[PDB]
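Participant: Below you will find the structure I want to go over with you.
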Amino acid sequence: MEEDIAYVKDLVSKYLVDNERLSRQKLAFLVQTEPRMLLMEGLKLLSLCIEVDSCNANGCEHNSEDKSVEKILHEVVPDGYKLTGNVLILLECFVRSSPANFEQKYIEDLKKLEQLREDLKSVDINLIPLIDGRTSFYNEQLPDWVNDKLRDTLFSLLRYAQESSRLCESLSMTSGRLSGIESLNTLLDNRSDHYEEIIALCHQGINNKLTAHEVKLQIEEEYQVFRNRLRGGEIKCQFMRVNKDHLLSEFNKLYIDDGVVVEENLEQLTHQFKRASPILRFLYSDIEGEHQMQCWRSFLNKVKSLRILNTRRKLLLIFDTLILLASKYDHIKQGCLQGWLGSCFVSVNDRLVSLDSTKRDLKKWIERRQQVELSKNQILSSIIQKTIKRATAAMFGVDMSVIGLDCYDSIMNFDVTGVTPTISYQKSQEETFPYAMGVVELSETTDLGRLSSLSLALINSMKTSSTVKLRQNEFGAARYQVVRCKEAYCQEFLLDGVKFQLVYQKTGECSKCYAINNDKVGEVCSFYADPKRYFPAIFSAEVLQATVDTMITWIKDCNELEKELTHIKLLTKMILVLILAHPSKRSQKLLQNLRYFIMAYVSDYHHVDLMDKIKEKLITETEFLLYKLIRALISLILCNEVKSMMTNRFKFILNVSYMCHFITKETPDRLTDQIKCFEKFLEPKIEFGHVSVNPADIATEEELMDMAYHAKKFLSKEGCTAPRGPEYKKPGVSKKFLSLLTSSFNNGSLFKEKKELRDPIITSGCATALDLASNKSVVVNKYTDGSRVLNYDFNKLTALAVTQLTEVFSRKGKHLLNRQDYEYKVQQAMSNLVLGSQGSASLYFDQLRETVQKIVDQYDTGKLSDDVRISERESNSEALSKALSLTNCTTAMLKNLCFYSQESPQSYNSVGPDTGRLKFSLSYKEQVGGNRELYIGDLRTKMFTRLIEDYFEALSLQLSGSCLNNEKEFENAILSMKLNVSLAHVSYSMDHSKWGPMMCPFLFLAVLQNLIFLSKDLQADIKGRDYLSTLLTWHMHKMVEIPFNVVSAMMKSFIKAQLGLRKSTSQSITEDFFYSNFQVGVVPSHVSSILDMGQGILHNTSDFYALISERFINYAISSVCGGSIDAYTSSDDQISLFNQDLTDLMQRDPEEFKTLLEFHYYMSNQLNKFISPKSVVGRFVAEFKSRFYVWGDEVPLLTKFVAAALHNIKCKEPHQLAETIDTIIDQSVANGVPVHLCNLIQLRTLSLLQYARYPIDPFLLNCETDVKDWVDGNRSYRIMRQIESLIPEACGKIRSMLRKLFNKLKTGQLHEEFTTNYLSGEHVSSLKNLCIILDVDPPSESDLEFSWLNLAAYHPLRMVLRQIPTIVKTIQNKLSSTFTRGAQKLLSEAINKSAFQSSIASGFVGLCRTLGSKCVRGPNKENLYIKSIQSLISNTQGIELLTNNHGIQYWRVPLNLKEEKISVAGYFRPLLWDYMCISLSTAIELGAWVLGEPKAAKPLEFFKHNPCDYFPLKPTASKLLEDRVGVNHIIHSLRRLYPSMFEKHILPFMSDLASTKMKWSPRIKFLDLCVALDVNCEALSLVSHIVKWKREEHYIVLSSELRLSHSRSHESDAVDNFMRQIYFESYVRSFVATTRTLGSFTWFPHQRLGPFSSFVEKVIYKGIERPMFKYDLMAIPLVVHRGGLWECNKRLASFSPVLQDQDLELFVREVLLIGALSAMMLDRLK
RNA sequence: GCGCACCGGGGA
RNA sequence: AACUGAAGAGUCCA
RNA sequence: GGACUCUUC
Ligand SMILES: Cc1ncnc2c1c(I)cn2[C@@H]1O[C@H](COP(=O)(O)OP(=O)(O)OP(=O)(O)O)[C@@H](O)[C@@H]1F
């Protein structure tokens, strides 16, 4: 309060323009100490400074002395004047924020001027009214951040002290326009000696003012020394000429010292393959191939799923006895033997329960009732009878005869004999296998079909719900050997008429032991598996064969591979079946590196360490088998005898390497992945030297000295002039090369076209709150005693690790491990001391006892484990919605949350703001072949780093060469790569190792401190560079948190190693780091270091550095040796397109070219950029962002996009799954995959849906598509094209009617007979009437009966839980997202929706669960199984079912059932009506060709297939600029048609236009129709299709499949809308031509301009708000009078649009009308 | 026969 | 009681 | 405008 008022008195005094007019108000604002008087003076001063630039904007002279109208006339009270000649310009200004109130004030001003217009214009001088109403207190007389600081204080005065008014509330409307970095002045600057030290480091020995001559003389003396010491052997070469003969020999011998055999032929290789593993033994072996039992079983599963849980031992056994009774009854009557496996039978919950023990258990149970008091034969029946009544109570249904429950004497003499089911937990030789292994051929699809059935049973094993497993199998040490299953779980599958059973014991998603079991032979095989990894092979037996056949067609023409095609096909199929049977991550990586191998092979130079990068650590036998198969395949295709068709073989092998995508992304183990990610984070820092363990918010002195020391060490890299020479592998940037890079940026040598940067504080993007909101994660700090917690507790962590070790001992070590030995005694002693829960070793155990006793005094496991954590997690939206509940502004921008919020920092240092330092946290990413460490900062960190990124993206977009935030630049890069490979020019396909882990914010700080952006004005330049220096130093001192699991695992490992409980004494660096700290007594919680920018955190910042540094490197090389380079970078990726002279030099003197490549390597490394070993130089192929470009062909990644669609996509309802697969397949077709393979993938998805027991309606997938259904259509077109094949006769009549209709609506003729007649009501009568009124034969009565079953008709499907128009809502949300209350409503809705969606079971297993439950909502508040609906349809008479070949179900429902009391007639929807609606909406979107006649192709040209005839194609379209209907059109139409609802819902949220339509909008026909329909009928939205259009991205399609596709064919206003308003407005009220008046008109662009070309093109666009003058346009403002531009009573210029028949309707529809008409006509002549 | 950071998972 | 920062595209929803 | 899914870095 009292301090804030003094602060703003100082701020206004210090910062304010020296204008005398404002001075009088400034001297009065500094003295009114009364808070009300201070507030009034402040508002007055803001109003004066707003009205003083508007007068300087519109040219009017300011009435400083409030000269009344009489005063100026002699020489009510205006705010301006320009009276000259007969032209008087009266200006008045105001500031209102409410768009409703704005109108009131504007009307008042109009009245105040119009009450004297007549009197003034009566005698001599004519009046020209002018208004400059503003919507906020912007006031650029004050500097930008002050307008926010002053506004906040001014508002707070009345909000806190003036409690005695809510009218001028623009004091809440935020008045800023910039990024928000400048708001750091609102905080106190406490930057002490440390900041000065860091900056002095950044500015020491670095001479950034070199001229181009000094730079070019210093850069050609690095080259002489480098070249001489490279020829002399003192510098290690890093690039090797490609041999193609010594490079294959290197892949063959890659694993020679791991024991792999020298070589093998196919016969031994196939023999090994068909026997390697239990699955692979089983896939190629020789398998050599109603009932009351199911009625009880299928009925008792429901009974326990609808009754009490925790079914006791007694209750489950009754179900076993009942199933046995049913089985005996079926045996006696029917004479059948199914449902058994030897002497075990399938009981209720998959349970493979055994007869002998089920009989034996019943012997004891009945014997109990002998002493418990009719007889045994009657007592057991009464047990079942009591259960039977209770089971039936929960309301049979399915048939279930009760007569099979008479007595139990049958059990007493029931004997079933057979084999026993077993699981072998230990490895068994391939001699116990009972089938002739290796018989099934590979040339067919028998093996891919057995994997499909077996994989499906591995996925189904995750659905079993865990229940009590009485009757254990084995005891002691036999439990992990051959186990005789007395009670397990089983899943039955059926292979070629043989009933196999997958037998397991553990229920869940974890890795288990499975055993395949047969009724004739007992166990078949056993294995260990993680079921979640086995989904892609399900129902894909035909996709995975067409994939291999497609790849083989590529190489079928190589005449010198003509005798080797059979082996190549065999080997490819072997590779595919191996990676599908054994989904290993170490095989994923091995298949992935093959793309780098082949990329090197086709290229010219490669890194010397390439083959150390390709090598992968293999473990199992199948991984070495996979390497053997890959070696054989490559050795076949890449022979030196084969020379022709190299492009096809590169394509082939690259797709073989992309087969790695058939293995799931998910982590095989989480803890290992997390430990490895942390090792990746920590190892580079330990190797550098800087790991500051456990930093604090108030950084100590030792930490600061360490950071300064290592910052100094970062910059001291040496190169090629030191005796040791350049030292790669060392992080750092030189000083010579830093002061050359900045010396030539500050010189206009890098970016020349001579350049003109512009200040990136002004041009930086402004980020709202919702830009940073999502459902992703964010760290939440934990506070105790009011201070953030940053340290794990050693006592609590030690106790927790001891408890975990005790648990693991109890499960595993207690029952094994030679219980009289050392380790048993040690871990027993360590386990007794844990209470509550259900040598140096002596000293350490003493300490451990003390610590655990201390903790158990303090507390017993859940609380401890939650008290060790130091962080929590939320979503971005939860944190933001909590944050916006603290701010006090209207607009929700980031600057309002960091600096002007309630919990915002107050002072700041160079280490961090008042509210702690920036803090991240670590997690891991699940990706294909590799570990990514992920940094999740808390909310404040995310906001501040977002400000940094906005700044550096603003810089990067001003310089040409970065493809990170520039799609035009990326397309130019693609075109340049294509042209380069076309001419056979060299092209270096670069890649950078350790982008994140090596570049640091200190490097960016040094570079920023030495760069000069605006060399015209230096003060603002240095000030902005200062703001960014501060923000980048906050990232120098960030604290990265060590995950909880990592420290917990490390402490368990520590305790084990301390007690001696470990085999070896090998320790990686990370374990040393953790153990050194655990010994002294401190837990490493957070880590600070000089390195590690963060993976993708400073992404735009590092992209900017990459851009400028690469530009310097290419410039240096061009200066050194001729030529040139064209580099496109994308922040860790680069493509360098060499010149033609460099390409020639490669052939002239290849030693010189290798010297130039080595010099490029050296210069890059001296600037902290380590080129990856996966970097090639070549003339054959290019590479940028996984997009390969060979010369005379296209490279489709067929296997990546086939494999994308086959995975367990996390989808929740059966229509979402179909839409997802449609999208993936659209992507595939766009990227080279043929279409006949896409149809197979769609059939695979439909089969997955059918397995789930879902009715397959015509609206799921179209599995008969062409090329044209993807290139030219969208999803709605594919739905049309499926319905047009189900009922092709009627759709012809519907399309004839639609062609006749759509043509009339667009013209605008038949609107009422469509709108409010026959798009509402009974659908069939509507369709008939529409056909009648257009003179088209109506659909026959039979055609109107076709229907489709809509199971979500009444309400969407109720999915199991694991745990106002739409047009107005659309525009409302779009306009309201930028307001605090609007953002809060959106955020709250998203939070609740996400909390609901997270509890829904997702995936194939969840889909089957959902569709097996009561998922169909009945008409009036009830739930029914899908089977209930299908049964009621089956009973009802007349409803037929029809199906096409694929399985698409369309019904036939007579048109009298809805009347005739049919409860299942409300689920059906007529199919022609839906066809009409789909066809109409997609004709609005795609075009009018959709309504033409489908004509099949009659090619008959007898051409060759040519499988690699790929052809780029573009979706042909007709409307590009004609139908660019935007949001403004819909807003204007909505206001015109529905005013009250518009002003109730859309007016408050509307700005940047402020309702300045002036009633000259075009009044679009066919848009008002759509708007009127969407307000009324909310079933179909036509307006969302008008604003939608098919993109013009290219599709790479086979040129043969393009010929077989069907053929169908039927058939600037943005600028002119601006010109339209000016020409018609001028007549009613002549207006002044200024920047604010012209831009005020709603229609306005954001030398064909003609009359206003000069001002709009540059003057308006640049930002100078000046009046348009006669000096331009070929100091007196030009008043726009009726029909021409006027200067002094004469039309010095004239403007006129092309008036039309409809344009004149607006002008004559405006309510002096004749006078306006008369003057209009005279102008039209000239 | 899984995981394969020595450490976990593999019958309530 | 675990999985980020961006880029492109598509689908759905109100 | 929000959500979701694929590919990329
Ligand atoms: C911020 C972020 N969040 C999640 N994912 C990210 C990133 C970033 I920046 C890159 N990626 C992805 O990581 C894969 C390549 O990883 P990459 O092949 O480079 O492994 P690597 O160990 O660094 O190999 P080199 O150092 O020898 O180049 C690839 O999907 C993509 F690049």
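By order of appearance in the structure tokens: chains A, B, ..., then residues from 1 within every chain, and ligands from 1 in the order shown.
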Please provide the set of residues having any atom within 6 Å of stretch 312-326 of chain A, restricted to only C-alpha atoms (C1' of nucleotides), with same-chain residues fewer than 5 positions apart removed, written as an MDAnalysis selection string.
Facilitator: chainID A and resid 292:293 347
Participant: Could you write out that same residue set with N, CA, C and O atoms as a PDB file, in the first residue's frame?
Facilitator:
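That gives us again.pdb:
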```pdb
ATOM      1  N   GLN A 292     -24.255 -79.384 -21.329  1.00  0.00           N
ATOM      2  CA  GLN A 292     -24.534 -78.762 -20.043  1.00  0.00           C
ATOM      3  C   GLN A 292     -23.266 -78.417 -19.278  1.00  0.00           C
ATOM      4  O   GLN A 292     -23.351 -77.718 -18.265  1.00  0.00           O
ATOM      5  N   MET A 293     -22.102 -78.896 -19.724  1.00  0.00           N
ATOM      6  CA  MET A 293     -20.843 -78.486 -19.110  1.00  0.00           C
ATOM      7  C   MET A 293     -20.577 -77.004 -19.330  1.00  0.00           C
ATOM      8  O   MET A 293     -20.210 -76.285 -18.398  1.00  0.00           O
ATOM      9  N   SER A 347     -12.710 -75.298 -15.053  1.00  0.00           N
ATOM     10  CA  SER A 347     -13.719 -74.824 -14.120  1.00  0.00           C
ATOM     11  C   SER A 347     -13.987 -73.342 -14.377  1.00  0.00           C
ATOM     12  O   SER A 347     -13.724 -72.831 -15.468  1.00  0.00           O
TER      13      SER A 347
END
```
Participant: How would you write, as a PyMOL selection string, the set of residues no farther than 6 Å from ligand 1 when counting only C-alpha atoms (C1' of nucleotides) and all ligand atoms?
Facilitator: (chain A and resi 992-994+1095-1096+1172) or (chain C and resi 5) or (chain D and resi 9)
Participant: Which residues of chain D come within 7 Å of chain A, and what is each one's closest atom pair and distance in Å (one decimal), counting only C-alpha atoms (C1' of nucleotides), sorted by chain and residue number, as a tab-separated table?
Facilitator:
```
residue	atom	partner	partner_atom	distance
D:1	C1'	A:1374	CA	4.8
D:2	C1'	A:1390	CA	6.7
D:5	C1'	A:1220	CA	6.0
D:6	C1'	A:1224	CA	5.8
D:8	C1'	A:1185	CA	6.6
```
Participant: With a cut-off of 6 Å and counting only C-alpha atoms (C1' of nucleotides), select all residues of chain A in contact with chain C and give the selection as a PyMOL selection string.
Facilitator: chain A and resi 924-925+934-936+1096-1097+1223+1366
Participant: Restrict the selected residues to C-alpha atoms and save them as a short mmCIF file (atom, residue, chain, number, x, y, z; two decimals), in the first residue's frame.
Facilitator:
```cif
data_model
loop_
_atom_site.label_atom_id
_atom_site.label_comp_id
_atom_site.auth_asym_id
_atom_site.auth_seq_id
_atom_site.Cartn_x
_atom_site.Cartn_y
_atom_site.Cartn_z
CA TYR A 924 12.54 -42.11 -19.01
CA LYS A 925 11.03 -42.35 -22.48
CA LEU A 934 13.38 -36.72 -19.77
CA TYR A 935 13.34 -33.50 -17.77
CA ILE A 936 10.03 -32.49 -16.17
CA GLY A 1096 14.71 -30.61 -25.65
CA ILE A 1097 14.19 -28.06 -22.88
CA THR A 1223 -5.67 -42.20 -40.00
CA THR A 1366 -22.36 -26.20 -31.03
#
```
Participant: Select all residues from chain A having any atom no more than 7 Å from an atom of chain B (counting only C-alpha atoms (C1' of nucleotides), ignoring ligands), output as number ranges by chain.
Facilitator: A: 277, 427, 468-469, 472, 505-506, 511-513, 527-530, 668-669, 672, 675-676, 1053
Participant: With DSSP run on the backbone, what are the alpha helix (DSSP H) residues within stretch 1186-1365 of chain A? I'd like them as a PyMOL selection string.
Facilitator: chain A and resi 1198-1204+1214-1230+1235-1251+1268-1271+1275-1286+1288-1307+1315-1318+1323-1333
Participant: When you draw a straight line from atom CA of residue A:908 to atom CA of residue A:1010, how long is it in Å?
Facilitator: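 Separation of atom CA of residue A:908 and atom CA of residue A:1010: 23.7 Å.
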Participant: Extract, using only C-alpha atoms (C1' of nucleotides), all DNA, RNA and protein residues at most 10 Å from stretch 788-793 of chain A, discarding same-chain residues fewer than 6 positions from it, and format them as a list in words.
Facilitator: residues 694, 695, 696, 697, 781, 782, 799, 867, 868, 869, 870, 871, 915, 916, 919, 1039, 1041, 1042, 1044, 1047, 1081, 1082, 1083, 1084, 1085 and 1086 of chain A
Participant: May I have the residues from that selection written out with C-alpha atoms, as a PDB file, in the first residue's frame?
Facilitator:
```pdb
ATOM      1  CA  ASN A 694      22.721 -31.496  -2.955  1.00  0.00           C
ATOM      2  CA  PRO A 695      22.493 -27.786  -3.812  1.00  0.00           C
ATOM      3  CA  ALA A 696      20.306 -25.405  -1.817  1.00  0.00           C
ATOM      4  CA  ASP A 697      18.019 -22.507  -2.699  1.00  0.00           C
ATOM      5  CA  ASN A 781       7.197 -29.075  -4.783  1.00  0.00           C
ATOM      6  CA  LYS A 782       6.841 -30.254  -1.186  1.00  0.00           C
ATOM      7  CA  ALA A 799      15.036 -47.987   6.848  1.00  0.00           C
ATOM      8  CA  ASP A 867       7.600 -39.459   3.691  1.00  0.00           C
ATOM      9  CA  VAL A 868      10.801 -40.240   1.830  1.00  0.00           C
ATOM     10  CA  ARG A 869       9.577 -38.671  -1.427  1.00  0.00           C
ATOM     11  CA  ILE A 870      10.441 -35.016  -1.984  1.00  0.00           C
ATOM     12  CA  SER A 871       8.196 -34.269  -4.969  1.00  0.00           C
ATOM     13  CA  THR A 915      10.891 -18.521  -4.864  1.00  0.00           C
ATOM     14  CA  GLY A 916      13.687 -21.053  -5.139  1.00  0.00           C
ATOM     15  CA  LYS A 919      14.171 -27.394 -10.649  1.00  0.00           C
ATOM     16  CA  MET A1039      18.790 -28.444  -9.853  1.00  0.00           C
ATOM     17  CA  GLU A1041      16.344 -34.222  -9.145  1.00  0.00           C
ATOM     18  CA  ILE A1042      17.477 -37.827  -8.809  1.00  0.00           C
ATOM     19  CA  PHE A1044      13.071 -41.971  -6.149  1.00  0.00           C
ATOM     20  CA  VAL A1047      18.130 -43.778  -5.013  1.00  0.00           C
ATOM     21  CA  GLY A1081      26.099 -40.084   5.370  1.00  0.00           C
ATOM     22  CA  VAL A1082      24.536 -37.839   2.709  1.00  0.00           C
ATOM     23  CA  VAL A1083      21.986 -38.923   0.092  1.00  0.00           C
ATOM     24  CA  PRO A1084      22.451 -37.337  -3.353  1.00  0.00           C
ATOM     25  CA  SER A1085      19.048 -35.729  -3.930  1.00  0.00           C
ATOM     26  CA  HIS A1086      19.649 -32.979  -6.500  1.00  0.00           C
TER      27      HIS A1086
END
```
Participant: Just list as a ChimeraX atom specification whatever in stretch 648-895 of chain A DSSP marks as strand (DSSP E).
Facilitator: /A:692-693,777-781,783-784,787-788,871-875
Participant: Find the spatial neighbours of stretch 380-395 of chain A, counting only C-alpha atoms (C1' of nucleotides), within a cut-off of 7 Å - ignore same-chain residues fewer than 4 positions away - and output them as number ranges by chain.
Facilitator: A: 303, 318, 376, 406-407
Participant: One decimal, in Å: what's the spacing between atom CA of residue A:989 and atom CA of residue A:1002?
Facilitator: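 That distance, rounded to one decimal, is 28.4 Å.
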Participant: What lies within 9 Å of residue A:503 using only C-alpha atoms (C1' of nucleotides), ignoring chain neighbours under 4 positions off, as a compact mmCIF listing (two decimals) with N, CA, C and O atoms, in the first residue's frame?
Facilitator:
```txt
# COMPACT_ATOMS: atom_id res chain seq x y z
N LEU A 352 -7.84 -74.67 -14.52
CA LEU A 352 -7.62 -76.06 -14.92
C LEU A 352 -7.46 -76.89 -13.66
O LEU A 352 -6.36 -77.27 -13.25
N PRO A 421 -1.06 -82.30 -16.79
CA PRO A 421 -0.49 -81.04 -17.30
C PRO A 421 0.66 -80.57 -16.42
O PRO A 421 0.55 -80.55 -15.20
N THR A 422 1.76 -80.18 -17.06
CA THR A 422 2.96 -79.76 -16.34
C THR A 422 3.50 -78.47 -16.93
O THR A 422 3.26 -78.14 -18.09
N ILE A 423 4.24 -77.74 -16.11
CA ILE A 423 5.03 -76.60 -16.55
C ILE A 423 6.48 -76.87 -16.17
O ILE A 423 6.75 -77.27 -15.03
N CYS A 485 0.57 -79.83 -12.40
CA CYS A 485 -0.51 -78.86 -12.18
C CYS A 485 -1.73 -79.56 -11.60
O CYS A 485 -2.40 -80.33 -12.28
N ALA A 488 -4.21 -74.72 -11.99
CA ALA A 488 -3.56 -73.64 -12.70
C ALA A 488 -4.63 -72.84 -13.42
O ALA A 488 -5.82 -72.97 -13.12
N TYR A 489 -4.22 -72.00 -14.34
CA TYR A 489 -5.14 -71.36 -15.26
C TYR A 489 -4.78 -71.80 -16.67
O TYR A 489 -3.63 -72.15 -16.94
N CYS A 490 -5.76 -71.79 -17.57
CA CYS A 490 -5.51 -72.19 -18.94
C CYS A 490 -6.30 -71.33 -19.90
O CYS A 490 -7.36 -70.80 -19.55
N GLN A 491 -5.77 -71.17 -21.10
CA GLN A 491 -6.48 -70.54 -22.20
C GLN A 491 -6.44 -71.50 -23.38
O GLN A 491 -5.35 -71.88 -23.81
N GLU A 492 -7.59 -71.88 -23.90
CA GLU A 492 -7.63 -72.88 -24.95
C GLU A 492 -7.54 -72.21 -26.31
O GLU A 492 -8.21 -71.20 -26.56
N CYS A 513 5.67 -67.89 -16.61
CA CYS A 513 6.02 -69.14 -17.25
C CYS A 513 4.76 -69.76 -17.81
O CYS A 513 3.80 -70.00 -17.07
N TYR A 514 4.75 -70.02 -19.11
CA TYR A 514 3.64 -70.65 -19.80
C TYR A 514 4.05 -72.04 -20.23
O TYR A 514 5.23 -72.32 -20.45
N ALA A 515 3.06 -72.92 -20.35
CA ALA A 515 3.30 -74.27 -20.85
C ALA A 515 2.17 -74.65 -21.78
O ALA A 515 1.01 -74.68 -21.36
N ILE A 516 2.48 -74.93 -23.03
CA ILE A 516 1.48 -75.44 -23.95
C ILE A 516 1.21 -76.90 -23.62
O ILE A 516 2.14 -77.67 -23.39
N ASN A 517 -0.06 -77.28 -23.58
CA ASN A 517 -0.46 -78.60 -23.15
C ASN A 517 -1.42 -79.19 -24.16
O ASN A 517 -2.30 -78.49 -24.67
```
